[PDB]
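Within every chain, numbering begins at 1; the chains are lettered A, B, ... in the order of the sequence lines, protein sequences first and strands thereafter.
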Amino acid sequence: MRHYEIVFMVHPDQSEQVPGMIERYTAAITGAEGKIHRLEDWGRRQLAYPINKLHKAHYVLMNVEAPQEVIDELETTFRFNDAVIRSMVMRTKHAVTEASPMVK
Amino acid sequence: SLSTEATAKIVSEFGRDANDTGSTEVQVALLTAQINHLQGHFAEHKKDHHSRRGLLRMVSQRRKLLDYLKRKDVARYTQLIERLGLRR
Amino acid sequence: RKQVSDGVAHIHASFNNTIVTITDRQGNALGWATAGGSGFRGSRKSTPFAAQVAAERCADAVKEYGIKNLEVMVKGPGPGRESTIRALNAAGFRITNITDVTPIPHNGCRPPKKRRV
Amino acid sequence: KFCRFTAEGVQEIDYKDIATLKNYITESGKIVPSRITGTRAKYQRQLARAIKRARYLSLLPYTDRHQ
Amino acid sequence: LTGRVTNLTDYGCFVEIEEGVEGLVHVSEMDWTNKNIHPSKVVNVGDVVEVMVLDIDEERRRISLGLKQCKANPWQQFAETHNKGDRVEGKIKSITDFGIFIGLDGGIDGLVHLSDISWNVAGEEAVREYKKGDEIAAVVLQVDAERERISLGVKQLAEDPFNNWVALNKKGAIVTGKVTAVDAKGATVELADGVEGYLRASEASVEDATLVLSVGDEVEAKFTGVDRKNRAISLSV
Amino acid sequence: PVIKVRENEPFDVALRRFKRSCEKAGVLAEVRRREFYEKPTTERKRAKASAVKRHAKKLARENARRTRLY
RNA sequence: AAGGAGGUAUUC
RNA sequence: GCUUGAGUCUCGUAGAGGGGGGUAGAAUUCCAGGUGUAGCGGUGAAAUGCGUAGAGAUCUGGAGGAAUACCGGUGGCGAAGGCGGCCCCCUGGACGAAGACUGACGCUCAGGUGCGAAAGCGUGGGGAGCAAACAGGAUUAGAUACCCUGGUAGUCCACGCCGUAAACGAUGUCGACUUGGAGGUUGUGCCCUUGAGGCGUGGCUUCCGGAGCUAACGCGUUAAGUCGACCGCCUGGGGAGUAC
Ligand SMILES: [Mg+2]
Ligand SMILES: [Mg+2]
Ligand SMILES: [Mg+2]
Ligand SMILES: [Mg+2]
Ligand SMILES: [Mg+2]
Ligand SMILES: [Mg+2]
Ligand SMILES: [Mg+2]
Ligand SMILES: [Mg+2]
Ligand SMILES: [Mg+2]
Ligand SMILES: [Mg+2]
Ligand SMILES: [Mg+2]
Ligand SMILES: [Mg+2]
Ligand SMILES: [Mg+2]
Ligand SMILES: [Mg+2]
Ligand SMILES: [Mg+2]
Ligand SMILES: [Mg+2]
């Protein structure tokens with residue numbers, strides 16, 4: 001199965017929905033028989049430049065082993081959901097199970 | 001291209017044993033499988049001339065292998081083209 | 001007529017001319033002076049001295065507002081581009097920050113064809 | 001000289017490490033050439049991709065005067 | 001009191017009121033009506049602002065300051081204007097996986113739970129019906145001024161044919177319907193537009209109702225019960 | 001090239017610091033390059049010529065550290 | 001733009 | 001029959017290779033407002049042009065199209081044309097290490113087929129910037145030009161056609177052999193990695209140079225050297241790559 005690193009930034013006004021979004025997305029991979037290898041909530045962070053007239057976005061990182069179809073559905077959800085200002089999903093050759101420099 | 005699992009499956013069918021990866025029948029079957037796979041790709045991407053150039057080498061090379069096989073052992077040539085659903 | 005004492009001086013330094021505009025932090029213009037309207041034409045309009053006199057006129061047609069601290073933003077590779085900052089400093093203004101704000105496309109629109117003079 | 005990454009044998013630059021990348025971007029925010037830094041070419045390309053990915057995520061700024 | 005802004009942060013604004021005295025103006029205390037305006041846009045560092053002392057922490061040397069009281073709370077303006085049950089029209093600001101945030105007049109964001117948009121459309125058509133910025137009318141179900149949230153509802157604008165169907169057919173009426181689905185456990189029978197009853201195989205006629213009931217057959221079954229949780233009308237012949 | 005005027009430093013120092021900052025950014029050179037459109041062949045050709053002359057200078061310099069011109 | 005230094009340029 | 005040429009398989013690596021779809025920031029233009037007022041723009045010098053119906057300048061918001069600063073490199077990939085933001089999907093080739101397998105399956109190629117910059121053509125879209133034609137202002141003895149202000153096709157998208165370039169390394173493809181040096185890039189083995197070290201071994205690539213070759217310039221292990229296989233082309237300049 002392909003390995004994907006998913007970083008998405010949630011609107012700061014919905015910082016209280018971040019647990020819910022994480023649970024929902026996590027289940028939508030685990031149900032498709034994929035794995036979850038890393039879950040990091042970097043939290044509220046200052047943005048380098050304003051995004052949609054905002055600063056201080058909420059950062060969530062996810063490193064995942066899942067098939068291409070479920071990840072495709074996940075990206076479509078990001079587009080439709082207006083709580084995530086930006087998201088990037090990147091393919092990775094192997095899994096990662098170490099703290100990011102942000103957590104450290 | 002062809003997956004690591006799909007190559008092993010084809011080698012088993014068309015070879016004397018697991019390690020007979022270079023027999024002409026095995027090579028022709030591998031080329032045929034990739035050629036048949038790629039037709040779906042070119043249905044959606046007509047303008048992919050660079051990739052189609054690699055497709056031609058597979059077609060042309062299968063022709064050369066089949067001609068050699070026909071010359072050297074007609075019986076396997078007849079048997080192989082029937083099994084792989086080929087003309088000539 | 002009001003009192004601000006903290007404004008921003010935008011210097012537009014083009015090759016042919018030098019426009020100085022003084023404004024508040026919000027971006028509402030208070031006054032403006034240009035080298036071409038300060039008594040200089042053609043070969044003299046695009047000179048560092050002409051920009052200095054333009055800076056003098058703008059600092060003289062704005063002091064009704066009593067500006068005391070100034071922030072300078074330079075835009076463009078003009079001839080003067082510097083005499084304006086010096087002239088502003090000498091006109092009785094405290095210069096807080098200097099910033100280059102020249103616009104640089106990140107490989108966008110196509111520029112005009114080269115001049116074959 | 002002294003390519004820093006090859007000294008530690010880093011496999012991939014990992015855009016998330018903002019502390020490292022700040023060394024390789026200038027005050028204005030554009031990337032410093034490998035000629036100045038001393039980085040090897042292979043790591044230089046990885047470094048450029050990492051910085052560009054960080055800019056997209058707004059971990060790093062494109063230019064000094066976004067706002 | 002009048003004070004000069006010494007430092008601006010995304011969580012609050014520092015206003016020096018007296019020499020050596022800095023009070024913190026929360027960004028939540030900066031504006032009643034738009035909780036989502038960054039301090040960098042309303043006040044600059046060094047601006048002289050009139051701020052009201054809300055709280056003084058002598059022990060921690062911090063003063064909580066209110067710009068809030070110079071402006072007006074739109075929640076009280078909303079509570080005076082809109083009683084419980086008021087119909088408010090508002091623009092869909094954003095669509096989220098759990099519900100729609102609706103901005104009402106006064107800069108208030110109302111939350112509509114997705115469970116109240118339709119009783120019969122699973123998941124996918126409801127998201128395509130509403131585009132960001134569309135104007136939707138909902139009735140104020142509950143205003144929580146303490147948590148600063150308005151729950152809005154669409155359910156009160158419709159009239160459930162299910163509710164009319166159950167009211168029209170009292171318990172014990174024999175109702176005729178066309179079978180839409182046949183399962184090993186029972187048959188799903190549509191009795192009206194959006195009102196479906198369930199006739200169990202043990203009450204359909206034999207271990208399998210498929211031998212007795214085909215998809216599309218009209219079955220006369222007695223309205224024996226309604227499951228208001230699952231919209232399931234338990235039928236018996 | 002933002003410049004913050006520190007305390008106790010003269011305005012000449014502030015102007016000097018700003019000038020060096022602009023030079024490091026190389027803004028003026030970029031604007032002069034972008035005044036006119038240079039065809040890709042011209043841009044490609046000009047880059048090649050600089051490399052050729054630069055390499056020749058290094059090798060010629062290398063010979064000078066060896067050949068007895070005295 | 002003019003003059004001085006270092007290098008192919010920096011480790012510092 | 002054989003394994004050394006040519007292939008197949010196992011594990012990795014680097015890459016602007018290709019096609020489809022998203023997205024990001026800067027910038028130009030236009031529009032809607034706020035501030036403000038008499039110039040702006042352009043040139044060797046001017047004028048045409050824009051502007052008191054408020055321009056230019058400055059701030060905020062919006063619309064749209066095109067291209068992707070820095071990295072960037074006689075750096076990389078591709079048969080050539082060519083390919084440069086980031087991300088995903090589909091996909092082609094190349095190289096390396098170790099081992100196994102097939103067993104001459106090879107090289108070249110008239111005709112044939114395909115790909116093939118830019119301009120151009122056809123149908124239908126799109127149109128920010130740029131800009132043949134064209135309009136105007138200048139310069140000039142003249143200026144059907146160079147320079148200035150505008151500006152249509154076109155440049156962009158989809159689908160077809162065209163099939164040509166100083167399409168150039170002005171050097172057909174494939175193989176073997178023949179002294180060296182400095183590098184770049186990408187693998188891999190070993191030694192003390194003492195700390196980016198040292199020593200080998202493959203691929204591609206830039207410069208210098210020996211023998212030799214060359215008319216000379218120069219080429220020089222990536223040959224224009226020594227040879228072998230196959231193919232294309234030349235036969236004084238013009239007429240003419242023109243007529244039929
Ligand atoms: Mg293949
Ligand atoms: Mg011009
Ligand atoms: Mg033009
Ligand atoms: Mg190559
Ligand atoms: Mg031919
Ligand atoms: Mg064309
Ligand atoms: Mg056309
Ligand atoms: Mg058309
Ligand atoms: Mg013109
Ligand atoms: Mg020709
Ligand atoms: Mg060419
Ligand atoms: Mg050439
Ligand atoms: Mg030729
Ligand atoms: Mg040589
Ligand atoms: Mg002809
Ligand atoms: Mg011709």
Mind checking if [N] and [M] stack, meaning centres of the six-membered rings less than 5.5 Å apart and planes less than 30° off?
{"N": "H:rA138", "M": "H:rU139", "result": "yes"}
{"N": "H:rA63", "M": "H:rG64", "result": "yes"}
{"N": "H:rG103", "M": "H:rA104", "result": "no"}
{"N": "H:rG195", "M": "H:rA196", "result": "no"}
{"N": "H:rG154", "M": "H:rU155", "result": "yes"}

On a whole-Å scale, what distance lies between the [atom1] atoms belonging to [N] and [M]?
{"N": "H:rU205", "M": "H:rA158", "atom1": "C1'", "answer": "40 Å"}
{"N": "H:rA117", "M": "H:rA166", "atom1": "P", "answer": "15 Å"}
{"N": "H:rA131", "M": "H:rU152", "atom1": "P", "answer": "12 Å"}
{"N": "H:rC130", "M": "H:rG34", "atom1": "P", "answer": "29 Å"}
{"N": "H:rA100", "M": "H:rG81", "atom1": "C1'", "answer": "42 Å"}
{"N": "H:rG18", "M": "H:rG12", "atom1": "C1'", "answer": "23 Å"}
{"N": "H:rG203", "M": "H:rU155", "atom1": "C1'", "answer": "41 Å"}
{"N": "H:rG126", "M": "H:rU35", "atom1": "P", "answer": "38 Å"}

Among [options], the nucleotide that comes nearest once only the side chain of [X] is considered:
{"X": "C:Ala29", "options": "H:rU74, H:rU35, H:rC90", "answer": "H:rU35"}
{"X": "D:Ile36", "options": "H:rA26, H:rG92, G:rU10", "answer": "G:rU10"}
{"X": "C:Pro112", "options": "H:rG15, H:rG92, H:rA131", "answer": "H:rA131"}
{"X": "C:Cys109", "options": "G:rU8, H:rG129, H:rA24", "answer": "H:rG129"}
{"X": "D:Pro33", "options": "H:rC71, H:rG15, H:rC9", "answer": "H:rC71"}
{"X": "B:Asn19", "options": "H:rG42, H:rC147, H:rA100", "answer": "H:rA100"}
{"X": "B:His50", "options": "H:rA27, H:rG78, H:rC130", "answer": "H:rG78"}
{"X": "D:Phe2", "options": "H:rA26, H:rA196, H:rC146", "answer": "H:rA196"}
{"X": "B:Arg16", "options": "H:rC101, H:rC148, H:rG72", "answer": "H:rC101"}
{"X": "D:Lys30", "options": "H:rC86, H:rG36, H:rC70", "answer": "H:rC70"}

How close or far is atom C1' of H:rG17 from atom CG of B:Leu55, stated in whole angstroms?
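The distance from CG of B:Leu55 to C1' of H:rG17 comes to 16 Å, rounded to the nearest Å.
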Distance check needed: H:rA27 P versus D:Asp64 CG, whole Å only.
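My rounded result for the distance is 11 Å.
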Determine the contact category for [X]: base if any of its heavy atoms lies under 4.0 Å from a base atom, sugar-phosphate if only primed atoms, P, OP1 or OP2 are that close, otherwise nothing.
{"X": "F:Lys48", "value": "nothing"}
{"X": "D:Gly38", "value": "nothing"}
{"X": "B:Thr4", "value": "sugar-phosphate"}
{"X": "F:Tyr37", "value": "nothing"}
{"X": "C:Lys113", "value": "sugar-phosphate"}

Within the pair [X] and [N], is there a side-chain N or O less than 4.0 Å away from OP1 or OP2?
{"X": "C:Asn28", "N": "H:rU58", "answer": "no"}
{"X": "A:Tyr4", "N": "H:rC89", "answer": "yes"}
{"X": "D:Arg53", "N": "H:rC87", "answer": "yes"}
{"X": "C:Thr34", "N": "H:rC40", "answer": "yes"}

Run the salt-bridge test on [X] and [Y] with the 4.0 Å N-O cut-off and return the result as yes or no.
{"X": "C:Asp100", "Y": "C:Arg81", "answer": "yes"}
{"X": "A:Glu5", "Y": "D:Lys16", "answer": "yes"}
{"X": "C:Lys114", "Y": "F:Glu35", "answer": "no"}
{"X": "F:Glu62", "Y": "F:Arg65", "answer": "yes"}
{"X": "C:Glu64", "Y": "C:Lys2", "answer": "no"}
{"X": "D:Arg4", "Y": "D:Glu8", "answer": "yes"}

Strand partner of [N], provided both Watson-Crick or wobble distances fall under 3.5 Å:
{"N": "H:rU144", "value": "none"}
{"N": "H:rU226", "value": "H:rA176"}
{"N": "H:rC121", "value": "H:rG160"}
{"N": "H:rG197", "value": "H:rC191"}
{"N": "H:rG96", "value": "H:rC11"}
{"N": "G:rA2", "value": "none"}
{"N": "H:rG151", "value": "none"}
{"N": "H:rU29", "value": "H:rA63"}

Between the base of [N] and the side chain of [X], is there a donor and acceptor pair under 3.5 angstrom?
{"X": "C:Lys45", "N": "H:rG42", "answer": "yes"}
{"X": "D:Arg55", "N": "H:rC70", "answer": "yes"}
{"X": "F:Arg54", "N": "G:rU8", "answer": "no"}
{"X": "B:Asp48", "N": "H:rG18", "answer": "yes"}
{"X": "B:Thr21", "N": "H:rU8", "answer": "yes"}
{"X": "C:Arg41", "N": "H:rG42", "answer": "yes"}
{"X": "C:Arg57", "N": "H:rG39", "answer": "no"}

Closest-nucleotide ordering on RNA chain H, the 5'-leading residue of B:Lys47 and C:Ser43:
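That would be C:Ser43.
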Return whichever of B:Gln61 or B:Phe42 has its heavy-atom-nearest nucleotide of RNA chain H closer to the 5' end.
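It is B:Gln61 whose nearest nucleotide is closer to the 5' end.
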Run the pair test on H:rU188 and H:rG36: Watson-Crick or G-U wobble, both distances under 3.5 Å, answer yes or no.
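No, H:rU188 does not pair with H:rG36.
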C:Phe40 ring center near C:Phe49 ring center (under 6.0 Å)
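Yes, ring centres under 6.0 Å apart.
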Are the aromatic rings of D:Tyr62 and D:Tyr56 close, with centres under 6.0 Å apart?
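No - the distance between ring centres of D:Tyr62 and D:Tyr56 does not fall below the 6.0 Å cut-off.
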Is the glycosidic torsion of H:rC101 within 90° of 0, making it syn, or is it anti?
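Anti conformation for H:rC101.
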Could you walk me through whether B:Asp48 and B:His41 satisfy the side-chain hydrogen bond (donor to acceptor under 3.5 Å, both in side chains) test, starting with their C-alpha distance in whole Å, then the side-chain angles of each, then the deciding distance to 0.1 Å, before giving a yes or no?
CA-CA 9 Å; B:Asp48 202 354; B:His41 166 88; 3.2 Å; yes
Is it the case that atom NZ in C:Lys63 sees more than 12 heavy atoms from other parts of the structure closer than 6.0 Å?
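Open.
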